[PDB]
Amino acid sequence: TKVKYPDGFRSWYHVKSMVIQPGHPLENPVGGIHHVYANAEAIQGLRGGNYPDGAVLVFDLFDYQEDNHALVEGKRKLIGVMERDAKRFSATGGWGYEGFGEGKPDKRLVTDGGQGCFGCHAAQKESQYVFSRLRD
């Protein structure tokens, strides 16, 4: 009942991006440029279907350097991961929530079984606990 490290996520579908600048209430820990990725299964849910078991969403967070009013991607800070398994992750609404420091498989960040993650994502129950919207 741990979330698998999503190997190959950088080859997945790019859903959307956002910049969280210093002073944002979530600057700790998700300040930076983030990119959301979806595997094939997660795309089914984003397009308006039911999220199938095996759907994975990744929140890929980079530091940035402000250089002459360009924001330039620096080092990866972390990834957030939501892995769909209605039975195995039933305590957190059928998604398993994990973080990996610097996107490294060995650097697990979640210590409360994802209850804190779930606590915020629960607001989105109506879109199956996912904030990000598919855009063209």
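One-based numbering along the sequence shown.
In this entry, 26 to 34 has the higher mean Cα B-factor, the comparison being between 56 to 64 and 26 to 34. Comparing 13 to 21 with 114 to 122, the stretch with the higher mean C-alpha B-factor in the PDB entry is 114 to 122. Residues shown: 107, 47, 88, 76. Highest C-alpha temperature factor in the entry: 88. The entry lists a Cα temperature factor for residue 80 that places it in the lowest third of the chain's modelled residues.
Residue 93 sits in the highest third of its chain by CA B factor, as recorded in the PDB entry.
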